[PDB]
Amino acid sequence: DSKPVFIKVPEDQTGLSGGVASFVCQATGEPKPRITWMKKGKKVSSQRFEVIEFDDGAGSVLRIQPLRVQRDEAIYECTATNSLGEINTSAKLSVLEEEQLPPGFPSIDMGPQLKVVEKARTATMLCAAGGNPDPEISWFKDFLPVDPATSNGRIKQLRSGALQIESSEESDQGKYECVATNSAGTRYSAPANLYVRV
């Protein structure tokens, strides 16, 4: 048995009105702990917000869309509990209007497109971004983060930003979004579907 310990924590984030923001939190322990979200010191309702679980309840994602300045700008709190102890950690969301954007805020220069692939062949989803400084890229599939380090060689992110998927199978089907981040803020691409045929 052991007390819970964080292996992923949410960071401060600046987004754009009409857009999307996601926060991610995850912990280990024995028995497995349970994640819960709060807004301004009160528990969030799952019949009102989009909340998506993974790792048997030991990881969770809070997604907010479309962003609105008055309602959504606030302090958000993640908490993890098992029969041996409780730990917590917080982060702040800021939301900008179009005319407040600084010149180096990130942009999508070329985004991912619809793709139909035959089983057992390779599929590639492209993404090229710009800004100042140069942004870092990450990917989401059906609202959850993609982590290549667990595909045992199948799935990889290239230095250009593209996502490459070998030996395609039925579980690879779904809706993919590219995400670009730098010291000024965050921007999402439009979503694009992958289908597996024959």
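Residues carry their position along the shown sequence, with the first being 1.
Stretch comparison (52-60 versus 144-152) by mean CA B-factor in the PDB entry places 144-152 on top. The mean C-alpha temperature factor is higher for 32-40 when 32-40 and 61-69 are set side by side. Within the listed group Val116, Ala128, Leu84, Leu96, the record reports its top CA B-factor for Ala128. Looking at the C-alpha B-factors along this chain, the one for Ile7 belongs to the middle third. Sort the modelled residues of the chain by CA B factor and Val24 lands in the lowest third.
The deposited CA B-factor of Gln173 belongs to the lowest third of values across its chain. Sort the chain's modelled residues by C-alpha temperature factor and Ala180 lands in the middle third, per the entry.
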